[PDB]
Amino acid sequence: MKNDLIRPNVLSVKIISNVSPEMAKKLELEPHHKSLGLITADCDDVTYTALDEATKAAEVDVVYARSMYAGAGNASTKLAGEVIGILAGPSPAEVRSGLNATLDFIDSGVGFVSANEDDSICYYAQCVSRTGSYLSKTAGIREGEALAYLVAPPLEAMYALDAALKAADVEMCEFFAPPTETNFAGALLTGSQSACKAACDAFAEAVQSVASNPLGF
């Protein structure tokens, strides 16, 4: 239904001790990163937000994070979902803490929101009040600054990003040009917490406007 949360799910979790030199080199790991935590899930941008939160709760860095082509609904295998993330830390203890924090966030009630009856249009309008080390690096902002994390399907996102930019004193940090691997689009916007919230609200309203009247021009 409209305004329902689309529930995100974790599919697979694994820890590696004493990562191989070859893999460390290929992943451009820092010397302290001896352990890796792997995770996959069926919702990419929620998971990216979750991994960022994990960098606040534990001594881990996000060293790999990528989306799958055509989204979770089109996965051909059980554990692929639509995202893989890799946390790195000095030992399995730090990594375990980071994975647990990631899991907790994914199960916290955050998620994409449905814009219609059969949940075939949905969006993400998440105000991150304090970034961790991953989304702050992605956006090119100081760790701890706020972000509006806005994602919707391609036309909805372009229309709604424009509305969001006009509604608040925010800057465009990163543009996810359509298509992302999952055939969405969006942006990371920064500003005061107030400004990011205003942008989130305006984005949500604008996506809903297009969902309610897709051919109205």
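When you see a residue number, it is the position in the sequence shown, counting from 1.
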item: Mean C-alpha B-factor comparison - 189-197 and 21-29, higher one; value: 21-29
item: Mean temperature factor over C-alpha atoms, higher-scoring stretch between 68-76 and 117-125; value: 117-125
item: Residue of maximum C-alpha B factor among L38, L51, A167, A157, per deposited coordinates; value: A167
item: Largest Cα B-factor, entry values, listed residues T131, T138, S108, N100; value: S108
item: Entry-reported Cα temperature factor of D162, expressed as the chain third it lands in; value: middle
item: Chain third (lowest, middle, highest) by recorded CA B-factor, residue given as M172; value: highest
item: Lowest, middle or highest third - CA B-factor, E143; value: middle
item: Relative C-alpha B-factor of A58, binned into the chain's lowest, middle or highest third; value: highest
item: Where the record places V13 (Cα B-factor, split into thirds across the chain); value: lowest
